[PDB]
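Notes follow once the structure below has been shown.
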Amino acid sequence: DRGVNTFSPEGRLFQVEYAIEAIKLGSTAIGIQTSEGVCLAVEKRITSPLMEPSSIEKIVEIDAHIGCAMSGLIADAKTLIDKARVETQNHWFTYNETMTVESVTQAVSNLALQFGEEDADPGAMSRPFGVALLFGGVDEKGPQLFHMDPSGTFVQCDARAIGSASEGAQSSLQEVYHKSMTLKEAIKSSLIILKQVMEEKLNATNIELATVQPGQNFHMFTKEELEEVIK
Amino acid sequence: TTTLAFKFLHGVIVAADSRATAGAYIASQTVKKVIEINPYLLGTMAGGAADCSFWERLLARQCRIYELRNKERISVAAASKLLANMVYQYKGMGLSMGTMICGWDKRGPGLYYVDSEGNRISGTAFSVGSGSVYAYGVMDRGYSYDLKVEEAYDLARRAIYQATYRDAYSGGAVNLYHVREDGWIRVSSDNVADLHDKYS
Amino acid sequence: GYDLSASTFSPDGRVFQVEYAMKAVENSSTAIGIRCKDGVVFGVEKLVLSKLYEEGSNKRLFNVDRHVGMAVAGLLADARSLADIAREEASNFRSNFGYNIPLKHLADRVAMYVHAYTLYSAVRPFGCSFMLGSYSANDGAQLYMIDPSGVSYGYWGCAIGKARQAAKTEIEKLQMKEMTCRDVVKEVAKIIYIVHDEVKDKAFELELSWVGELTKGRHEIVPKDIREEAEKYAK
Amino acid sequence: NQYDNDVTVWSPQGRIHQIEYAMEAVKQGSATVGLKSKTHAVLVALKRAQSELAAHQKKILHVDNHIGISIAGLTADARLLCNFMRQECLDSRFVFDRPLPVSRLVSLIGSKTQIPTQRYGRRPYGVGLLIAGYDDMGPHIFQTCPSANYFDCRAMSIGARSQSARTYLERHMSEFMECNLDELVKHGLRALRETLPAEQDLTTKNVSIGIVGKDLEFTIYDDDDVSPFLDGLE
Amino acid sequence: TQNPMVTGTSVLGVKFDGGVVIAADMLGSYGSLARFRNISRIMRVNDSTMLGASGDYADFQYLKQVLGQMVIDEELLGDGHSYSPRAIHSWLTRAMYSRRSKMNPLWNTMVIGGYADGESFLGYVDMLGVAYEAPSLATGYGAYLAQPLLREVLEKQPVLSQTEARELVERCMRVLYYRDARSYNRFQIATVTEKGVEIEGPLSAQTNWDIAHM
Amino acid sequence: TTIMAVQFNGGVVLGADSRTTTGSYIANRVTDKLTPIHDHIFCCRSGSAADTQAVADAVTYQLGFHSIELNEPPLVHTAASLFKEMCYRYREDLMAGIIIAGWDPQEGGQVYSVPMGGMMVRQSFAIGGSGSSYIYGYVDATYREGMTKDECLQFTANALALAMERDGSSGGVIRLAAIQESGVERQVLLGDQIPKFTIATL
Amino acid sequence: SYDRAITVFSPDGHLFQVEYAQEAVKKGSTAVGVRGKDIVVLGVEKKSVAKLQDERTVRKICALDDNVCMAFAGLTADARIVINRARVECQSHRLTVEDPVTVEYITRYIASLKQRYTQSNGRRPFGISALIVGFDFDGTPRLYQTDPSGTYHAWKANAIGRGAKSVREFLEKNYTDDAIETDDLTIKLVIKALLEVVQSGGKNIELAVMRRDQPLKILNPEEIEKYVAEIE
Amino acid sequence: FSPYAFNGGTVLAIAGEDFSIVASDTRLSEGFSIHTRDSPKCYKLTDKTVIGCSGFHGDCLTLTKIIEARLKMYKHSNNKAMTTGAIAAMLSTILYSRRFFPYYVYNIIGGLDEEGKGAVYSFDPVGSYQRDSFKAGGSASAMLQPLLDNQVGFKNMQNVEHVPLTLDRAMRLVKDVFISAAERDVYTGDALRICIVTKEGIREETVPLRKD
Amino acid sequence: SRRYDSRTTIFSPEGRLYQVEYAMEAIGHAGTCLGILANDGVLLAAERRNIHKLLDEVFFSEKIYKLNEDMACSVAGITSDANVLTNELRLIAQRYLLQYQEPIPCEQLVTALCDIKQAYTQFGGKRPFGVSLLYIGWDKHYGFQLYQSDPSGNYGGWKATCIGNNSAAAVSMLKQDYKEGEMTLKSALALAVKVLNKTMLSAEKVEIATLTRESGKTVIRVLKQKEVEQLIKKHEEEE
Ligand SMILES: *[B]([O])([O])[C]([C][C]([C])[C])[N]C(=O)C1=[C]N([C]2[C][C][C][C][C]2)N=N1
Ligand SMILES: *[B]([O])([O])[C]([C][C]([C])[C])[N]C(=O)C1=[C]N([C]2[C][C][C][C][C]2)N=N1
């Protein structure tokens, strides 16, 4: 038996390595960054017809200009999502201005490795958050998509896919995405890629798409909107 | 300071003067005593400029965070209750603020008065500030629940005008707001000097 | 299984963890200390692991006070924190009693702090040994040595590190007592050139620090000119 | 099998397996070179990237106007240490109203990283740092590791396959002092290129440059700002 | 320290061509009583810095030991870096303000005189944390009596010589002995140049009492 | 209260009155103000009786423990530094006017003054208490360098006697102490043995 | 105080402690839930139906507020702690906001506290699942389900505890838009679901309905016997 | 024991469409004596923002140091310099943090906004603030405010065409109002420091005043 | 430190809590305690496991304790754990009476002690209380009551129950002998004696306590040696 802060022989924290393996069992969420806004789409994955699909919130609102798509242990992501919401609200109170997308991802990545048994307090994490996040927003630099995992490493990507079928989805984005692709073109690409890697026939109640454009705010496609692009 | 608010048939009317003083000296005459919490929430300020500004800004940050978690706009009763509990912690410490929360939630228009002392009451017509006594006179006199929008704007403007004429700590311009079901709108911002030429 | 914690005795009555911490001091470079008629000379053979390092990097000689010196062996990270612990004790003592802390008391105070890491499971014993040298008009020339177990003793000529059993036979031929400080420096640099292995080890820088009447009771690093000449005498 | 689980467990050979495993974390990171002349200090970091649509991770970070660092190892750990160094530099400018000497800031990092390797339940910082700064004693290039040890070097390289870069720096170190910024930044770029595989070569999107000198505050060149230095290498 | 006990009077300070000169009388007053007539109120921080404190003497002795440790601590590292007169002044300003913000200040008024990197530095820190730099300083009752004299010489001759500044300091000390009821005719004169900090004294002034016969 | 300490070649000479008054009433007319901190280190107490006793006990404890660890006779300056620390630390809570005087192998006979505020200054002779104000001019005009251990005892007895007559808070007997390298020698001066000065009469 | 990490990840990215907490929920009594139009029902199987035990002191259905009530499955001792903490939040929500809590708000709080115990030091995860059922201010019946991990979902009809899969499959094929048409109809669908995972159902079933603008109403044995006769 | 000291000093701030002038006297005083004759109350925050403080010098020296550190920390996490409006909003929260032991400082931030037009923010001791065109704070704030109102704001004038505030006309106005404040206020005198914030950086001008 | 840890509050593969289950095994090897609810009162018939020819009688009882004015209890398990538990029960009842100035209801008291028992099985890393309790009392809301409690923190109200040595054998006997709703104190004592004998008696090997109501006052009393002796003889007449 080992402690939570134990390094392996290859130089990797065991706990973090197992937390990254827990994100391969979560739903897939494809994010595509363009010049006219960011687009996020997640696979809801309902396991029962009695289960209400509107209670599954894989994509949340961090602020008016920032969205968030998560994968892996959804319950652990509720603590990271609240930190991000309080961080962007705190920034506004102190500087009277919106926080940048990279700044929000940085503040959420700081808690990633904040865990341990010894030399800790009552309200301290005992393990790492087994969840990955896809931050998409619009600041002074325009549309920006960020990715944060259990290790606490946040990087920027033009197109990212996290979840169970990430490997298959990531490759399908590498040859269908270009720098001049429109936001409407990105929404179709994501939907097409999502439909391929999914088990259940994609429909209006299965997935959940969200978009954040320069002049607009965070927006979640409804049933009607989703149906339009589905056909 | 002179701020008034009253809810008639067509929503809530909010009016205030724009003058800050540093004793006998008139610090400024373009101060905004009405702060916007959000599109359906208004907040007036009276008393300590730094006190009302910092605490109403703190309430606005609390209302935005509340709407992200519950995925819905906060009510006028909850907004005032939030602010009331905030200032209660520092009760009898020097805080000086007399705000009025107005908005249009589920139960129609709502107008609450919240001071630093501890008060938190709901009503149909309030008036905070050093010139509030003068504003009450004109307000009540011309107040009617079936007042027309144009007639309500006149009443609110005339009420702040007479209060700035009698009170030395009230002056500047007269900012008028109108809260509706679709959200509050900035009616006007007439200057007191121009109002004096029209009422004479 | 009786050697995983410092708060465990083995059947024979030994604390294996503290014995394992002494193994780290026997893997480090050799540092010697010689006390004479009016001072203490520290000689540490700094083993340069790379050519990219600057001449003077990773020093093993620090001034814990203005009259006290400190040569170390074993882990450097642990020894650096012990040097800062010794500085605090020396500084706290001057602000309480109003004068320089005696070497005997400073050694004992720092040895007691080192012995506290050899009793619990929450911490591990320091993996380093060190010598403390000083000079005082009222006292004289003192030289103490503390190991990983927290034991501090007085000496005439001490030696720690890998080649300490071979460096102690070279210091036994010297008559330190009657010897001065300028004559000892040479002998100190000669013993470090004899015990140092030119085969197993590579390049090595010779460090030299002293403290006595010569430097008016102030511990310093031996002057470049005097160090350069002493290095030529060794060769 | 039972001596490599805790940092407070000395092994029979007199070593701490946990600290040795923490030094492997720095060995998995991308190479980062750090050399200096007599008036400048340069840190050329080779950025990495997973997917083709992903951006290159930042390797060079701001600490102060006279201090800059290059990371190699745990991303999160690096940030943690960077915040401490930034706070330490701020305190020095607030109290003494002057830049904190680079060497004095390196001792603060060595003490903060030593504590964790002696307490039970804690772990060492899994990251290596290459600090480039300039103060009253000229330009410096320090190197800190997971085992709370720091070295004062004329040139240094840490990360994956940094032995190829270190070898190159060891034969060109003599001609570093009397050499202008332009030539000294290209001397480090050549060393950073040596660690890379034979095929792929340095570009303007996988290389980061950080310079600090006697009459220049720490600057970080990334995309279009590194072409100037890049142009001039075979 | 809400109420000072044994206090010191004014401390003079004037920058000259190649250094700074500081003077202070050696007297510890207990109210109106001259209790201790041989206490040094000037301390040499390091090779390029000197300090002269007025006010509560117990507070000065606490600062003297808190500063001495700092200098000693920095010299143990031996990395070449050393605290400059401006860095010590800054440190004192933060220490005075911090104490004043906690409603428990060190009742003192310091005059920091130094000489580093070819520049003469003359700082001034009071108990409230108020600090500034000037060509000539004077604390206590010296700001009303000696300050006017020092300022009247630096207006027609901005740059002074070592001998000229020293001759001006003696004139100010003599004037302070005629009008300050808490001063002694025994003072010290510290000078910081390129060679270091040097303290002389006790010295005295040449008082004349011709007006007593008229 | 009228305490006094002077020094000579060998060591030092201490002296104090013995009156403890609570208003206009003498609660203790034979108080022993001279307190031994160590073998060759004494201290005269002045100010608050409860404050000086508490501090002296604390210092005596700290000095005893410090001297047992160092295995050497404690320095008089060390004892004075300890006193100064507590006097300065709790200057807003204590009311003391301690005068540390002893003898050590290093510096010999030393006299230290630690007034109310908590400052520490070494002098050749020191006077403290409420009755020391009346003998300030006397000690300045009578003290001469080179006084022997016998002249110091007569100098202290003369000054204390002069302060006891003018001060209402000073009186009773006179407790002297001569500390040298040989040891400490206490001595009390009662009625007839107390120096007398003819009161000016017409 | 204890600060040991109880719940930690494993080689396959699993959280064993939470998986063992879900194993304890499977050994609990079956708790069924069915959302109707103007009535929410809750059914709980009574395993230990001893004749010498006051049945009012050992119920699985509780009321958090006047519009919210819940049922559980797993360790009874833990359910009590979770039920009383949720009751304090309902009273706290009423003190801060004039209106009463919504079904989802309290479900979110109950699930958030469960996730909190699966990631803190010195504690172990809760071994219970909850079926929070109630009505909002709009009159919209609600039904949520929280589990040991801390995740909750809205449902139309769900079952928890031992043999929850068998009952869930029966609800999927039986829950239509005609089975919950009338008050009695919705109550009869809950009693039918419990009849496939119980022995001689009728005297071992305890259900409580919750109509609009009305407090929790526990139907006694006599009333439950009348419903079993109509399902024959 | 009083933890505050009135040190005097006045600071001015006028905003244009392409510039922003922030001026202040350089005399530090206490009671009736003059501490130093060379103590400007203008501090360069960023490349387009200058802060001016007056009042208790101890708080001015500390507030300024805090602002300098807050700007550095903000640039480290946000990777960009703080704007004039963000520096004004942050100062409000810093002044109000010490609400029960407030800084006796009168701050007047002057710089350029995002668009590029001059911006002036006036602050109160506890933290309250607002953006205006011109502002005067200090010991001569009541002596200069009325003049700026008339001259720059064109108040109480019936026949004026309201000519745009040029940078050359504003430079004379700051010099003129400070020459009148040195004739009446005993805390204003000796030297006037003028900082001009434009798009080409911050320029500094120094003019002498009365010494009596 | 983490190797010596026994991990008491930890789940197991089956989803059970070992420590709590091992504490339940220790309660099955303790003196049999039985409680019966009647119409005019409730009693506690526990068997004494502390029998010897050299033991003193000193105290008023050995297993049955008084919580407050209208409540009593009988423990079964670790003797030292009950001393801690019953002392805490008295504190809870005094704290409640100091707050509302009324006797604490029986179910509220039992519930409060169960919250403490369940806290030792979820966090703290300490072993659980190895004791099972039986409570009898009277309140204005439900009158006479009888509750049981185990080491896990679980509790429940009963009419007749038994904890200890032969709980399962005694419980079965009570099941086929308890006339629910028509039981009197006098007829309940027979039941206790009848069940206590068939699950093990002398008048010194057992201890009985009854709780009845007299003139708006709860009366708790332990039956005397003679008082019990007669009961034992009357059961022999029917055998
Ligand atoms: B009003 O007159 O109440 C007005 C309302 C504010 C602007 C929202 N208040 C002020 O004018 C005002 C005055 N002061 C302080 C008075 C004491 C000196 C410092 C200013 N604060 N707000
Ligand atoms: B002396 O007069 O200063 C003397 C010095 C002491 C004895 C060390 N002080 C006192 O006379 C004195 C008396 N008291 C108390 C007053 C209240 C009643 C008890 C005695 N404190 N100091």
Side-chain angles (χ1 to χ4, degrees), chain B residues 1-3 16-35 43-57 94-100 115-116 127-132 163-164 167-172 175, chain F residues 1-3 16-35 43-56 94-99 116 127-133 163-164 167-172 175, chain H residues 55 95-96 99 102 104 106 122-130 137 141:
Chain B
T1 282
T2 300
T3 55
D17 83 328
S18 60
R19 165 180 287 185
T21 59
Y25 186 67
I26 283 162
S28 159
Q29 237 180 105
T30 44
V31 186
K32 314 241 204 63
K33 280 155 210 216
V34 166
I35 98 127
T44 338
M45 294 168 299
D51 272 339
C52 309
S53 289
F54 178 98
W55 290 108
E56 243 149 283
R57 209 216 161 56
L95 280 196
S96 179
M97 33 181 317
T99 182
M100 276 176 300
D115 71 356
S116 80
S127 214
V128 203
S130 53
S132 54
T164 66
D167 181 43
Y169 301 104
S170 314
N175 308 80
Chain F
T1 284
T2 307
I3 37 155
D17 62 308
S18 70
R19 148 152 345 162
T20 299
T21 29
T22 73
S24 259
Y25 171 62
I26 298 150
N28 191 355
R29 67 161 169 121
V30 292
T31 299
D32 202 334
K33 278 144 201 205
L34 303 191
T35 292
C43 105
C44 343
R45 291 173 306 110
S46 110
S48 161
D51 289 349
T52 47
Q53 276 171 22
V55 171
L94 305 162
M95 234 256 189
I98 319 269
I99 276 176
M116 306 248 135
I127 60 189
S130 31
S132 71
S133 288
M164 277 152 99
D167 203 21
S169 329
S170 327
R175 265 160 224 280
Chain H
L95 286 167
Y96 197 88
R99 161 61 159 93
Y104 190 40
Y106 287 115
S122 29
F123 289 75
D124 92 331
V126 255
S128 184
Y129 83 110
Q130 83 165 296
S141 154

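Heavy atoms only: backbone and side chains are in, while hydrogens, waters and symmetry mates are out. When a ligand or atom number is given, it counts from 1 through the structure's own listing order. Order of the sequence lines fixes the chain letters, A, B, ..., with proteins taken first and strands second; residue numbering starts at 1 for each chain.
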field: Mutual orientation of the aromatic rings belonging to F54(B) and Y96(H) [parallel < 30°, tilted 30-60°, perpendicular > 60°]
entry: parallel
message: Checking contacts here: is it the side chain or the backbone of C52(B) that comes within 4.0 Å of ligand 1, counting heavy atoms only? Could be both or neither.
response: neither
Pairwise side-chain contact, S170(F) with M164(F), heavy-atom cut-off 4.5 Å (strictly under): yes
query: Nearest protein heavy atom to atom 12 (C) of ligand 1, by residue and atom, and its distance?
result: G47(B) O, 3.6 Å
message: Under the criterion side-chain hydrogen bond (donor to acceptor under 3.5 Å, both in side chains), I'd like the reasoning laid out for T2(F) against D17(F): C-alpha separation, chi angles, the key distance, then a yes or no.
response: CA-CA 6 Å; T2(F) 307; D17(F) 62 308; 4.7 Å; no
query: Under a 4.5 Å cut-off applied to non-hydrogen side-chain atoms, are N175(B) and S18(B) in contact?
result: yes
query: Any N or O of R45(F) that comes nearer than 3.5 Å to an N or O of ligand 2?
result: no
- prompt: Does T52(F) approach ligand 2 within less than 4.0 angstrom via side chain, backbone, both or neither, non-hydrogen atoms only?
  reply: side chain
query: Nearest protein heavy-atom contact for atom 18 (C) of ligand 1: which residue, which atom, what distance?
result: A22(B) CA, 4.5 Å
field: Non-hydrogen protein atom less than 4.0 angstrom from atom 10 (C) of ligand 1
entry: yes
query: Is it true that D124(H) lies under 4.0 Å from ligand 1, counting heavy atoms only?
result: no
Min side-chain heavy-atom separation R175(F)-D32(F) under 4.5 Å: yes
statement: Nearest non-hydrogen protein atom to atom 21 (N) of ligand 2, with distance, is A49(F) N, 3.3 Å
- prompt: Taking C-beta and beyond as the side chain, do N28(F) and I26(F) meet within less than 4.5 Å on heavy atoms?
  reply: no
- prompt: What residue and heavy atom of the protein are closest to atom 17 (C) of ligand 2, and at what distance?
  reply: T22(F) CG2, 3.8 Å
field: Residue and atom name of the nearest protein heavy atom (relative to atom 16 (C) of ligand 1), distance in Å to one decimal
entry: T21(B) O, 4.0 Å
- prompt: Would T31(F) and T20(F) count as having a side-chain donor-acceptor pair, cut-off 3.5 Å?
  reply: yes
message: Below the 3.5 angstrom mark, is there an N/O of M45(B), backbone or side chain, next to an N/O of ligand 1?
response: no
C52(B) versus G98(B), closest heavy-atom pair with distance: SG-N, 4.4 Å
task: Give the numbers and elements of all ligand 2 atoms closer than 4.0 Å to a heavy atom of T21(F).
output: 11 (O), 13 (C)
- prompt: Do we see a donor-acceptor contact under 3.5 Å between the side chains of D51(B) and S96(B)?
  reply: no
- prompt: So is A27(F) in contact with ligand 2, going by heavy-atom distances below 4.0 Å?
  reply: no
- prompt: Identify the closest protein heavy atom to atom 22 (N) of ligand 1: which residue and atom is it, and at what distance?
  reply: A49(B) N, 3.0 Å
- prompt: How about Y129(H) and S122(H): do any of their side-chain heavy atoms sit closer than 4.5 Å?
  reply: no
statement: When distances are taken from atom 5 (C) of ligand 1, the protein heavy atom at minimum range is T1(B) OG1, 2.8 Å
- line: Of all protein heavy atoms, the one nearest atom 2 (O) of ligand 2 is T1(F) OG1, 2.2 Å
field: Residue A20(B) vicinity, atoms of ligand 1 by number, heavy atom under 4.0 Å
entry: 11 (O)
field: Set of residues satisfying side chain to side chain donor-acceptor pair (under 3.5 Å) with respect to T35(F), sequence neighbours excluded
entry: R45(F)
